[PDB]
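The next block holds one structure in the form of structure tokens; read it before the comments.
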Amino acid sequence: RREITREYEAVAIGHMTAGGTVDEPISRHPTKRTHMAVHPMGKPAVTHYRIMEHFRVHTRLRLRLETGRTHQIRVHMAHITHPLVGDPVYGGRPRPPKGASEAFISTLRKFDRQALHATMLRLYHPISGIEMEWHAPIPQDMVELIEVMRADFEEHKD
RNA sequence: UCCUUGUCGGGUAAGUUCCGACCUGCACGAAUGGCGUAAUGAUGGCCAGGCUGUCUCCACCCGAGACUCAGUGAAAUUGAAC
């Protein structure tokens, strides 16, 4: 019935403008067996995305995922040609920004994992019926990732 | 194999060419030889310093033609032409 609400924290590339919804059917990739690409005759899917703040050529954003299928959040974020930061399988080729500092380039090399994190989960108790709310602290790699981007954005553009 | 010439750096105010690198890269490929290689090359491509009419923008001058006169004297083409 799609009752449980799930929230995700992600970092993507590009200067975003506004949030919205994506509704694209998805099936298996015709050629590569480790990719799950968008297909017009695929399984219907719904995903929503919002933005909390922008950066130089990247962004920090909060979004909610309805169906927790295999790598749903990555492709729907990549179907708008705005791939995730550091994603090796679904994210785009590395593209450092103009006038990037050496420390910034190292951070992207250091952050060699996918930019995804779940912070807030809401559930209904089995035998009580009272909502529980929990929050997940931002992981250390993401803390430095947003820190280096904040310093770079406040130095180049400003 | 593709997308945002791939995009960051040098080179430039601005670089579809050049240089070591990120990757989603592995085909070639090890005597139909593979890697590196000092020196060498009227060898391919790029950059820098001096230099200049290459150029903005050409101007003048020196000579040989082009022009007139005297002599000799072709050419390809041509159905006919007011």
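To be explicit about the labels: the chains of the structure tokens are called A, B, and onward in the order shown, and within each one the residues are counted from 1, while ligands get numbers from 1 in the order they are shown.
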
Selection: 10 Å around residue 88 (chain A), only C-alpha atoms (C1' of nucleotides), excl. self and same-chain fewer than 3 positions, as a ChimeraX atom specification: /A:84-85,91-94,112-114 /B:23-24

Please, which residues of chain A lie no more than 6 Å from chain B when the count uses only C-alpha atoms (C1' of nucleotides), and can they be set out as a compact mmCIF listing (two decimals) with C-alpha atoms, in the first residue's frame?
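selection.txt written:
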```
# COMPACT_ATOMS: atom_id res chain seq x y z
CA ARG A 95 34.32 16.34 -14.39
CA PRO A 96 36.10 18.63 -11.93
CA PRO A 97 35.00 22.27 -12.07
```

Counting only C-alpha atoms (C1' of nucleotides), what is within 9 Å of residue 133 (chain A), bar same-chain residues fewer than 5 positions away, as a list in words?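 Near neighbours after the sequence-gap exclusion: residues 120, 121, 122 and 123 of chain A.
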
Take the residues just selected and output them with N, CA, C and O atoms as a PDB file, in the first residue's frame.
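Now in part11.pdb:
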```
ATOM      1  N   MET A 120      16.301   9.904   7.810  1.00  0.00           N
ATOM      2  CA  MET A 120      15.077   9.818   8.594  1.00  0.00           C
ATOM      3  C   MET A 120      14.209   8.677   8.084  1.00  0.00           C
ATOM      4  O   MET A 120      13.942   8.583   6.882  1.00  0.00           O
ATOM      5  N   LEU A 121      13.774   7.816   9.003  1.00  0.00           N
ATOM      6  CA  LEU A 121      12.862   6.722   8.705  1.00  0.00           C
ATOM      7  C   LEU A 121      11.663   6.803   9.636  1.00  0.00           C
ATOM      8  O   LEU A 121      11.811   7.087  10.829  1.00  0.00           O
ATOM      9  N   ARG A 122      10.475   6.554   9.089  1.00  0.00           N
ATOM     10  CA  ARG A 122       9.236   6.572   9.855  1.00  0.00           C
ATOM     11  C   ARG A 122       8.558   5.216   9.736  1.00  0.00           C
ATOM     12  O   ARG A 122       8.388   4.697   8.627  1.00  0.00           O
ATOM     13  N   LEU A 123       8.171   4.647  10.876  1.00  0.00           N
ATOM     14  CA  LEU A 123       7.566   3.324  10.916  1.00  0.00           C
ATOM     15  C   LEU A 123       6.387   3.328  11.878  1.00  0.00           C
ATOM     16  O   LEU A 123       6.270   4.192  12.750  1.00  0.00           O
TER      17      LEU A 123
END
```

Name all residues at most 9 Å from residue 65 (chain A) (count only C-alpha atoms (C1' of nucleotides); drop same-chain ones fewer than 6 positions away) and give them as a list in words. residues 5, 6, 7, 8, 46, 47, 48, 49, 72 and 73 of chain A

What parts of region 4-151 of chain A does DSSP call alpha helix (DSSP H)? I'd like the answer as a list in words.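 Matching residues for alpha helix (DSSP H) in region 4-151 of chain A are residues 72, 73, 74, 75, 76, 77, 78, 102, 103, 104, 105, 106, 107, 108, 109, 110, 140, 141, 142, 143, 144, 145, 146, 147, 148, 149, 150 and 151 of chain A.
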
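With CA of residue 98 (chain A) on one side and CA of residue 110 (chain A) on the other, the separation reads 19.2 Å.
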
Excluding residue 40 (chain A) and any residue of its chain fewer than 5 positions from it, enumerate the residues within 8 Å of it, using only C-alpha atoms (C1' of nucleotides), and give them as a list in words. residues 24, 25 and 26 of chain A

Can you list, as a PyMOL selection string, all residues belonging to chain A that DSSP tags as strand (DSSP E or B)? chain A and resi 6-13+20-22+26+38+43+47-49+53-54+58-65+84+116-117+120-124+131-135

Counting only C-alpha atoms, which of A:130, A:36, A:157, A:109 gets nearest to residue 78 (chain A)? A:36

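We find CA of residue 144 (chain A) and CA of residue 90 (chain A) to be spaced 22.7 Å apart.
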
Within 12 Å of region 47-50 of chain B using only C-alpha atoms (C1' of nucleotides), minus same-chain residues under 4 positions, as an NGL selection string: :B and (10-12 or 15 or 17-19)
